[PDB]
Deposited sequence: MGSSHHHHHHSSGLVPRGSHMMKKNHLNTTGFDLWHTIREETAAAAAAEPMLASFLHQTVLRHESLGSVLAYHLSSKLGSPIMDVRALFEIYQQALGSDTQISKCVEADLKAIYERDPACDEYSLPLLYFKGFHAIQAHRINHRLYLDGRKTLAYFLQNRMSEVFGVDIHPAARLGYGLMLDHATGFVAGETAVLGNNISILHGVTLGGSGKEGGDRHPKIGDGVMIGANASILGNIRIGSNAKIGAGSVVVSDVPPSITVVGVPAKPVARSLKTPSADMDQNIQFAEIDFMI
């Protein structure tokens, strides 16, 4: 029972986690607290992100409420979350259940955390946004600037070392592997703009204010420095069509 078959994402996740809780008594109270006691997927996400990023400095209850108010202020974030989960199930062979990336894929956590961060930054809570950016970098190994604008349908697989700068913009239905850099090169627009459908391979660098066309493919380890036409595969250092 999946979305490319039948469907309720939330109900399916609850059934999966109920099975898991019954199977592993070591984690049951965790799964009841993180998931089963909640009434919406967004509440679960806020709770788990607060567990990940909480500190003595930033109480987990306070961060939980902040993420809850954020998700309730911006309804589109929950839509993006659900889209990303569906994308991970579609594209990742290692994903056999929906709760799997929800609970255990640090790239998914980094992306959704950034979404909330972006919401806080736009509201003027810049200091808190920087605090959470630093904490996301520490715990997830992923540095996304709060100003970065990311679309829906994103899968950040493995994730370790992903960087996205202040002025980066990503379209919808994009797949990024670990080690990828969407880096800069004086302020202003200076970070990549990635189009819908693009797939970026592991340890690929995309530098500067350059456009990457729809359904382009950036090979693993490549270094892109100029714009890339849509539907082109570029490979090499520097990358070439």
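Residues 1 to 23, 30 to 31, 211 to 212, 269 to 293 of the deposited sequence have no C-alpha coordinates in the model.
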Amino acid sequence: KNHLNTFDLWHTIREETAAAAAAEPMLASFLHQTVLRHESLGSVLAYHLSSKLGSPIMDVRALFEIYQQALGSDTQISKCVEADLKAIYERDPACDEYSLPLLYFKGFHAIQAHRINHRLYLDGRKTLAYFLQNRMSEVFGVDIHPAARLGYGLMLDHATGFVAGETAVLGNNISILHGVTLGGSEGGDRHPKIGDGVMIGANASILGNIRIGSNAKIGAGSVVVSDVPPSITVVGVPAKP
From here on, numbers count along this sequence of modelled residues.
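Higher average CA B factor: 205 to 213, of the stretches 62 to 70 and 205 to 213. According to the PDB record, 91 to 99 carries the higher mean C-alpha B-factor of the two stretches 130 to 138 and 91 to 99. In the deposited entry, the Cα temperature factor of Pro146 sits in the bottom third of values across the chain's modelled residues. Ranked within its chain, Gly171 lands in the highest third, by CA B factor from the PDB record. Ranked against the other modelled residues of its chain, the C-alpha B-factor of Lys52 as given in the entry falls in the lowest third. Among the modelled residues of its chain, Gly184 has a C-alpha B-factor that falls in the highest third according to the deposited record. Annotation for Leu177: CA B-factor lies in the middle third of the chain's modelled residues.
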